[PDB]
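**Student:** Quick one, structure for this:
(one chain, ligands or ions: 1)
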Amino acid sequence: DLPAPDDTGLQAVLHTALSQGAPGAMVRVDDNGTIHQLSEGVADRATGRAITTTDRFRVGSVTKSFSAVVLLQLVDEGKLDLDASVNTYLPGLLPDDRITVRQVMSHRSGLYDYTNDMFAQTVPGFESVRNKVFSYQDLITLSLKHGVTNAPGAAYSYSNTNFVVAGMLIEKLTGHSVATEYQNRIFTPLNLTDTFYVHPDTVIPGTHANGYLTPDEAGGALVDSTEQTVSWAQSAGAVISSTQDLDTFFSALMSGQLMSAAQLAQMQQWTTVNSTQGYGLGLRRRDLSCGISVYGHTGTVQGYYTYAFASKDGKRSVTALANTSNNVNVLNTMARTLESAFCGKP
Ligand SMILES: *C(=O)[C@@H](NC(=O)Cc1ccccc1)[C@@H]1NC(C(=O)O)=C(CC[C@H](NC(=O)CC[C@@H](NC(C)=O)C(=O)O)C(=O)N[C@H](C)C(=O)N[C@H](C)C(=O)O)CS1
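**Tutor:** Residues are numbered from 1 along each chain as shown. The coordinates are given below.
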């Protein structure tokens, strides 16, 4: 009973994003078995190669939904209790035993986000970490140089630190790398042939969109940010995928294929973000103008803005990508793909 997707409106969104500084922008809709696919602009601005909806890209913080699915399958298996203390599983990690796994997964832990220090200056910060390899503990120690910012559970405050903890939990409780767990629990069963976790490798396998970091100086030249370790994010940000594979993943999630019903319900217990948005457990809700809510996640790793959202039953999914970042006009414009794709023509 959804409106038809509006391709003319999608086309206008991409064209606007280009006019605001995205080298390329694209979107794929899987509408209950009917595909919509549009792209405009360039995957590589120096060579001129066109962007296309099959280009792989860095999904950034969409990674948190993959990490959350692994953790919730561990809850299904009896290996993890969401209301247990992080420090019960990782003794001595955090300065407060009251911080629970559920709080970290919903950004209610109070843990300071180290990435504000790292990327205070956008391009210098990128140059500082792009070729660094961090352990999970290194990143937690960077957070803990600062006090928590709120009491456990008390407020929503997004922090990459939370999903660094998530990766440490995954590796401790399984004895495997997050790469292995993602592959065995998600990428292989869903046949996500364009989806990878290669950290700390800097190469994007196969044909990909290059990423272009916008400098903090208005009008400044773009920086190619395609090749980096993403070691500053890991289980908070380092998955590589495609529009088809993120559509498959969020459709599978919402249609109940990736965990028990009970754990999907836990994943959708919404913490208020604003009057039109919530945060579950590694999962975002956005409320659209026509009265529809959609479910998924955004990403903003250097040079790539991703939106990947599905309807409640998974039957319609949409993934949009612009290959720039640090450009709020572009970021806001690309959100409009969800309106056109789900709410259709005005
Ligand atoms: C995941 O991708 C992760 N991203 C990074 O860790 C990269 C990075 C780069 C520099 C500094 C810090 C981190 C997180 N992603 C996202 C995301 O997907 O959006 C985060 C949420 C980011 C912030 N969003 C808001 O502040 C949204 C407010 C909300 N409300 C309305 C009604 O106003 C809304 O707009 O929906 C955020 O920081 N936004 C800015 C614009 C931003 O993303 N800045 C970076 C530099 C960019 O534009 O590239 C948290 S990090």
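
**Student:** Give me the neighbour count for residue 137.
**Tutor:** Residues within reach of residue 137, counting by other CB atoms under 10 Å, total 12. (Each C-beta comes from the backbone N, C-alpha and C, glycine too.)

**Student:** before we move on, which element is it in?
**Tutor:** helix 136-144 (DSSP states H and E).

**Student:** Any residues of this structure in contact with the ligand? List them.
**Tutor:** Proximity of the chain to the ligand (CB under 6 Å from any ligand atom) is limited to residues 60-61, 115, 119, 158, 160, 233, 237, 274, 298-301, 325-326, 328, 331.

**Student:** what about burial for these, which qualify?
**Tutor:** Buried members of the residues of the chain next to the ligand, counted by 16 or more other CB atoms under 10 Å: 60-61, 115, 119, 160, 233, 237, 298-301, 325-326, 331.

**Student:** Could you tell me which of those are located in strands?
**Tutor:** The strands, defined by DSSP state E, take in 298-299, 325 from those.

**Student:** Tell me which residues touch residue 182, please.
**Tutor:** By CB atoms under 8 Å, 6 or more residues apart in numbering, the contact list for residue 182 reads 66, 70, 197, 239.

**Student:** If we use 6 Å, what do you get?
**Tutor:** Counting by CB atoms under 6 Å, 6 or more residues apart in numbering, residue 182 makes contact with 66, 197.

**Student:** follow-up on the earlier one: from the buried ones among the residues of the chain next to the ligand, pick the one nearest the ligand.
**Tutor:** The ligand lies nearest to residue 61 out of those, by CB to the nearest ligand atom, at 2.2 Å.

**Student:** ok, that closest one - contacts?
**Tutor:** For residue 61, the contact set (CB under 6 Å, 6+ apart) comprises 237, 299.

**Student:** Need the three-state assignment for residue 126.
**Tutor:** Per DSSP: H, G, I helix; E, B strand; the rest coil, the secondary structure class of residue 126 is helix.

**Student:** Offset the numbering so it begins at 68, please.
**Tutor:** Sure thing, new numbering starts at 68, so read that last one as residue 193.

**Student:** and the closest residue in space to it that isn't next to it in sequence, how many neighbours?
**Tutor:** Using CB to CB, 6 or more residues apart in numbering and skipping the chain neighbours, the partner closest in space to residue 193 is residue 369 (5.1 Å). Residues near residue 369, counting by other CB under 10 Å, number 28.

**Student:** doesn't residue 294 make contact with residue 369?
**Tutor:** No - when contacts are counted by CB atoms under 6 Å, residue 369 is not listed as touching residue 294 (10.5 Å).

**Student:** Would you mind measuring from residue 400 to residue 102?
**Tutor:** Computed as CB to CB, to the nearest Å, the residue 400 to residue 102 distance reads 23 Å.

**Student:** out of the two, which sits in the more crowded spot?
**Tutor:** Neighbour tally, residue 400 and residue 102, criterion other CB under 10 Å: the higher count belongs to residue 400, 24 against 12.

**Student:** what sits up against whichever strand or helix holds that one?
**Tutor:** Assigned by DSSP H and E, residue 400 falls within helix 395-405. When contacts are defined by CB under 6 Å, 6+ apart, helix 395-405 is touched by residues 80, 83-84, 87-89, 94, 372, 374, 376, 387, 389, 391.

**Student:** how does it look with 7 Å?
**Tutor:** The contact list for helix 395-405 (CB atoms under 7 Å, 6 or more residues apart in numbering) reads 77, 80, 83-84, 87-89, 92, 94, 353, 355, 361, 372, 374, 376, 385, 387, 389, 391.

**Student:** Take these and keep only those in helices.
**Tutor:** Residues of the contacts of helix 395-405 located in helices (DSSP state H): 77, 80, 83-84.

**Student:** Tell me the one of these nearest the ligand?
**Tutor:** Ranked by distance to the ligand (CB to the nearest ligand atom), the ones in helices among the contacts of helix 395-405 are led by residue 84 at 13.0 Å.
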